[PDB]
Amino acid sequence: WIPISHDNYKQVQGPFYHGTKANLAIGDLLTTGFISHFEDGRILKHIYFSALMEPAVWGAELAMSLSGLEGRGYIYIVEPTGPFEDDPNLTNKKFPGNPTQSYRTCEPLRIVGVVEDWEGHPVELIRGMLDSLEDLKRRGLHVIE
């Protein structure tokens, strides 16, 4: 397993997926739903995406739940427009390496397509992460812009 950094992200093949509450068209830039999060003594602002579909399904479900909104989110096929790196939240935490192929970037995502069809996770599965994210939100440690 090879860590993805600003030195080697160009070696990562798409496609990529992003889950969100944002309602945008193909060709639009995602400048919304960046996450302000605490890391190494400061707030950083990143948008998150994956080379696999399922992490974006989680991203859409949690975007909708944290926003208190009804229904399924949106999943976009995306390209980063600047350097990206492993999401440290999902890298050498619960699993070795970055098995969900989840990445973060400081620059907007380009929407290049839409995912229409997916099977969601049961809400019970979403509740434990939502509880944790609600607390981090209250503490200003992870905040959707």
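Residue positions are given as counts along the sequence shown, with the first one as 1.
Discussion item. Averaging CA B factors per stretch from the PDB record, which one is higher: 6-14 or 122-130?
Written reply: Higher of the two, by average CA B-factor, is 122-130.
Worksheet entry | Selected stretch [higher average CA B-factor]: 40-48 or 98-106 | Looking at the recorded C-alpha B-factors, 40-48 comes out higher on average.
Discussion item. Sorting 69, 29, 114, 62 by Cα temperature factor from the record, which one lands on top?
Written reply: Of the options given, 69 has the highest CA B-factor in the PDB entry.
Worksheet item: Whose C-alpha has the highest temperature factor in the PDB entry: 80, 88, 33, 55?
Response: Within the set 80, 88, 33, 55, 33 shows the top C-alpha B-factor.
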